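Protein chains in written order, with UniProt numbering: chain A, 2 to 63; chain B, 1 to 93; chain C, 2 to 78; chain D, 1 to 46; chain E, 2 to 103.
Ideal placement from N, C-alpha and C gives every residue a C-beta, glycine not left out.
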Amino acid sequence: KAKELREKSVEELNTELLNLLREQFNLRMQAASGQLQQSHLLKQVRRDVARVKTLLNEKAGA
Amino acid sequence: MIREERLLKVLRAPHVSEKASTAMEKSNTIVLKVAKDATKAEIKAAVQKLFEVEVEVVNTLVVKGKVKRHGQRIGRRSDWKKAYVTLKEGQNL
Amino acid sequence: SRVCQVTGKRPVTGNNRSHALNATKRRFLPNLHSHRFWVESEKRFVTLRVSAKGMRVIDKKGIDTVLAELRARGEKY
Amino acid sequence: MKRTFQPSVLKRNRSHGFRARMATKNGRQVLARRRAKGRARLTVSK
Amino acid sequence: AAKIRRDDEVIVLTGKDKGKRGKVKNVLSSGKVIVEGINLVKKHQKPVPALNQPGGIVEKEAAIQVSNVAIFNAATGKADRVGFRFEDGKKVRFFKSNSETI
RNA sequence: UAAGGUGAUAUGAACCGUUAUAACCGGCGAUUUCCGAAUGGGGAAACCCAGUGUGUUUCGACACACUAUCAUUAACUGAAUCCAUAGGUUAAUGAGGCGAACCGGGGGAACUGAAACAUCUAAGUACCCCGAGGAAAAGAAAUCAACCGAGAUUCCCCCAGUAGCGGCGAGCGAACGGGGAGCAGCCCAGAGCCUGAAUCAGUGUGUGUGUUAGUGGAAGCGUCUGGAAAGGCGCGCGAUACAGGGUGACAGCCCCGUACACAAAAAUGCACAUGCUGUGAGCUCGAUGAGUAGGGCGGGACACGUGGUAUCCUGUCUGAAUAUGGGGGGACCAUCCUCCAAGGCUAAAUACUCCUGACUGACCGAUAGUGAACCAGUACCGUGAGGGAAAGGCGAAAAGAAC
RNA sequence: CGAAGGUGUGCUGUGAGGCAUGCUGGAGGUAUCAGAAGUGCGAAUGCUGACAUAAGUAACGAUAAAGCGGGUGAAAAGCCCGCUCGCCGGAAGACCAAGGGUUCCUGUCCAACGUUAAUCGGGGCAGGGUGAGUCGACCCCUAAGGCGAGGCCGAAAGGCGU
Ligand SMILES: [Mg+2]
Ligand SMILES: [Mg+2]
Ligand SMILES: [Mg+2]
Ligand SMILES: [Mg+2]
Ligand SMILES: [Mg+2]
Ligand SMILES: [Mg+2]
Ligand SMILES: [Mg+2]
Ligand SMILES: [Mg+2]
Ligand SMILES: [Mg+2]
Ligand SMILES: [Mg+2]
Ligand SMILES: [Mg+2]
Ligand SMILES: [Mg+2]
Ligand SMILES: [Mg+2]
Ligand SMILES: [Mg+2]
Ligand SMILES: [Mg+2]
Ligand SMILES: [Mg+2]
Ligand SMILES: [Mg+2]
Ligand SMILES: [Mg+2]
Ligand SMILES: [Mg+2]
Ligand SMILES: [Mg+2]
Ligand SMILES: [Mg+2]
Ligand SMILES: [Mg+2]
Ligand SMILES: [Mg+2]
Ligand SMILES: [Mg+2]
Ligand SMILES: [Mg+2]
Ligand SMILES: [Mg+2]
Ligand SMILES: [Mg+2]
Ligand SMILES: [Mg+2]
Ligand SMILES: [Mg+2]
Ligand SMILES: [Mg+2]
Ligand SMILES: [Mg+2]
Ligand SMILES: [Mg+2]
Ligand SMILES: [Mg+2]
Ligand SMILES: [Mg+2]
Ligand SMILES: [Mg+2]
Ligand SMILES: [Mg+2]
Ligand SMILES: [Mg+2]
Ligand SMILES: [Mg+2]
Ligand SMILES: [Mg+2]
Ligand SMILES: [Mg+2]
Ligand SMILES: [Mg+2]
């Protein structure tokens, strides 16, 4: 990501971000009920949402 | 009132125990761990949108984290918000 | 505070020297009086916390000059 | 018999609290020495 | 600038297994190296009921100090020393003996 | 910069990465809840409650931004009272608070010393308060000297425990002059002529250089004892490197280093070069700091305790001369010498160490050395200000003892 | 092929001491001559730590009071169950506020803690448990009192107050 995300328009980033949070909620909901085997996914989604929001902030006020 | 980014961050995990069971099987109430900052309205909203079910009423309570001693030094578990979400008679999940 | 708006005369410390030369700390307060002065140029009366020396300064320099200094100090009147 | 310490949290905070120390210059001088000594709790807080 | 790397043929200079040759299994932060078939230990591994796991005297390669191994110059059949240089736009290693790249 | 990684106790899990978005290191950005100057109002810190303005495939409530005080400036507005001034509102810019020592100022003890004690000492110390900077303060003679002369200030060594001061007691204690570190001079008190000409600060660019990551970095083998070799023995080799550390016992040649040789995309310190906004150079003719100098009174400061006591500061009362003039030369007068007060600025030598890097010690080695080698300003004590510990070592390797 | 330290021995010096050596230990010590001192301990009701003594002595915290059968357990006067007995009953019962902060409940464990045993516990460990329009707080309102734009006053710090 980061280069692949830098491309996409603001309207697009915000859409992807909604899916990221929707995924984050489900993955929380998985491990929560004791069903998530792939622990490392929680970290991934979280660190990706960060990139999105860093890119959104660099696009909006620059 | 609400937003999608917030409704997603609000619900955190479901809470299991013999009371969270009898609550479910005898009164159609789902016991949940919600964000400490989550209002009763924000839980109704999130449980209706993210779980697609009809919420009757939400009752909330804040649980105090237990303190454990390790000799001279102590530790304190985090404080959390428990949410009793009753649902209208058409039970699902 | 016991301060002359004109000269800047303030209380000083010294000693009460007895006949047996014993010294006990004391203050030497200035001769302060609040006095209304006539500003022809401003068509108003200005009250100033001034020393008796201060008055003699206003009598020489001229009220208009002395107030000019007060503006230059930021010291409102 | 009745001992010297009779607790009242309203009183405790209204007397030794952070806000209390913060009010006076000498109370501000207290917080200073505690921070300088490296105190864990500067005042009895929540 | 790491003289000994993963899956290198080395040769022991110090300790019980001095002279033995081996392939570098794993390298650790500690400045130590687990080398295949060197410095082995007969561990009395305790049983774990959460696997229902039996206990057993297990033999495993225990880490030797990276200063106790030298790089093996297969061509000279001798222990050697690594030196760095820039062949092209990339840094390389070479045997201090034959001045030849690895 | 890399072949290994996802901080520690602390494994395990699930994974990431190996020739270049794994990780790690450095520059610059993004984010940065709540409390705290804390600043929308309140408050028992980490909470409670608003106003205005915006947003609502829901335009309820929630989300978001703004809203403290003071100072200067600006715009509008505006009384007693006609003008005016006060007041009122908004906006812009600045301040606030924290913090080692050094520094300048405002206040200012006592215990003690005098073998008692009051003058005197301690001491302008301790402490409280205010303000500021990489230093601060001081600073270009109304200064000394002595009829020869010197030439701002700060600082060092002498002069000298001398001259003096002193219930002439206890004590306090200079200067002149000499040897040094360092050296630097200027502006206003106003007008014209020439005009932006010397200096300096803010700032863009460039170079040189320094900081914030880094790169390369020589030369060993046999044998003996031994669990193990760096130790014994034998023979080689490097050294602008034999500083130091680690490695299974003591290593120049196993590792990290060390001498030496290099390095920055970016941020920045300091210099010059250069551009620019602002400041003003040179010359002629002037001008030359007044409630001031001096004095009475009460104090304070000078090594100098009122003394025969100059010099300085001023609480109080008073008060000149104006270069044919005035200050000083330790009561005072005369002569002579010297200087020009009542306006300001100024680098260096000097003081310091919360902090960053390098190196060092006839300093300590766990009752020592920091209170603290260790999760210590902790545990614990106390209403609180505050007080305040004990506590290091298996082994080369956990092979931490299967059965 | 065994350093320092530890502990025996022997020889030696007038002595402080010195030397050698057995055992322990397991990496360090340092002649000689110089140089420098945190340089020698029995006392200071010395400081710190350790361990004696009295002594297996005094006590075991209200004189309301116990007895038995059964149980669990390695073990039972104390725990559980049962039947008796006794004590409080304007309290020794029930409920609040202040204060405490998980002590509540379940499982499990017994080193230490409990003045004894402990299977039991307010003890260890783990898990669970506190649900409000109408009960309390927040909120509106004020009291004593506090703070207080401007303000008045005060060497500074500050004091007072619209
Ligand atoms: Mg509730
Ligand atoms: Mg970075
Ligand atoms: Mg606020
Ligand atoms: Mg406030
Ligand atoms: Mg309010
Ligand atoms: Mg009018
Ligand atoms: Mg400040
Ligand atoms: Mg005396
Ligand atoms: Mg500063
Ligand atoms: Mg200065
Ligand atoms: Mg002359
Ligand atoms: Mg002196
Ligand atoms: Mg001289
Ligand atoms: Mg010179
Ligand atoms: Mg090398
Ligand atoms: Mg050894
Ligand atoms: Mg003059
Ligand atoms: Mg006389
Ligand atoms: Mg004079
Ligand atoms: Mg002058
Ligand atoms: Mg340092
Ligand atoms: Mg210590
Ligand atoms: Mg020891
Ligand atoms: Mg020694
Ligand atoms: Mg010896
Ligand atoms: Mg000697
Ligand atoms: Mg002794
Ligand atoms: Mg004795
Ligand atoms: Mg007995
Ligand atoms: Mg007896
Ligand atoms: Mg007896
Ligand atoms: Mg008895
Ligand atoms: Mg009893
Ligand atoms: Mg027993
Ligand atoms: Mg507990
Ligand atoms: Mg219980
Ligand atoms: Mg017991
Ligand atoms: Mg318990
Ligand atoms: Mg309800
Ligand atoms: Mg005020
Ligand atoms: Mg007040």
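Could you name the residues, in chain order, whose CB is less than 7 Å away from a heavy atom belonging to ligand 39?
Any heavy atom of ligand 39 counts here; residues with a Cβ closer than 7 Å to one of them, in chain order, are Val-57/B, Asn-59/B.
Is the CB-CB distance between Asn-69/E and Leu-14/E below 7 Å?
Contact: yes.
Assuming the contact rule is C-beta atoms closer than 8 Å, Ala-83/B and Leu-32/B should be a hit. Round their C-beta distance to whole Å, please.
In this structure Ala-83/B is in contact with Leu-32/B, their Cβ atoms being roughly 5 Å apart against a cut-off of 8 Å.
Delimiting residues of the alpha helix (DSSP H) encompassing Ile-64/C:
Note, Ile-64/C: alpha helix (DSSP H), 64–73.
Cross-chain neighbours of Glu-5/B in chain A, by beta carbon under 7 Å
Contact of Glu-5/B with chain A by beta-carbon distance below 7 Å involves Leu-22.
CA-CA distance, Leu-18/A and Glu-12/A?
Their Cα atoms are separated by approximately 10 Å.
With distances taken Cα to Cα, identify the nearest neighbour of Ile-35/E among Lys-19/E, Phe-96/E, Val-49/E, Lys-61/E.
Nearest to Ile-35/E by C-alpha distance, out of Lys-19/E, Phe-96/E, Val-49/E, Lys-61/E, is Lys-61/E.
So, helix, strand or coil for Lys-61/C, using DSSP?
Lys-61/C falls in the helix class under three-state DSSP.
Should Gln-36/A go down as buried or exposed, given a rule of 16 or more other Cβ atoms within 10 Å for buried?
It counts as exposed.
Alpha carbon to alpha carbon, how far is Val-11/E from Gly-20/E? Give it in angstroms, no decimals.
Looking at the two C-alpha atoms, the distance is approximately 10 Å.
For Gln-66/E, write down the residues that DSSP places opposite it in a beta bridge.
As computed with DSSP, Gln-66/E is found in a beta bridge with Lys-33/E.
Three or more beta-carbon pairs under 8 Å between the segment 45–63 of chain B and the segment 75–82 of chain B, yes or no?
Flag = yes, the segment 45–63 of chain B and the segment 75–82 of chain B touch.
C-beta atoms of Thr-29/B and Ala-23/B nearer than 7 Å:
Yes, Cβ-Cβ distance for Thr-29/B and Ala-23/B is below 7 Å.
For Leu-42/D, which residues of its own chain have a beta-carbon under 6 Å away from its beta-carbon, when the five flanking residues on both sides are left out?
Hits under 6 Å: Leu-31, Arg-34.
Nearest to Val-59/E (by Cα), restricted to the options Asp-89/E, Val-25/E, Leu-41/E, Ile-72/E
Taking only the C-alpha atoms, the option nearest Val-59/E is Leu-41/E.
Bounding residues of the beta strand (DSSP E) (the contiguous stretch that carries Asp-81/E):
Per DSSP, the unbroken beta strand (DSSP E) holding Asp-81/E starts and ends at 79–81.
So the candidates are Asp-89/E, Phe-96/E, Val-67/E; which of them puts its Cα closest to the Cα of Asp-81/E?
Here the closest residue by C-alpha is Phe-96/E.
Hey, would you say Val-25/E sits closer than 7 Å to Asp-9/E, going by beta carbons?
In this structure, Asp-9/E lies closer than 7 Å to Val-25/E by Cβ.
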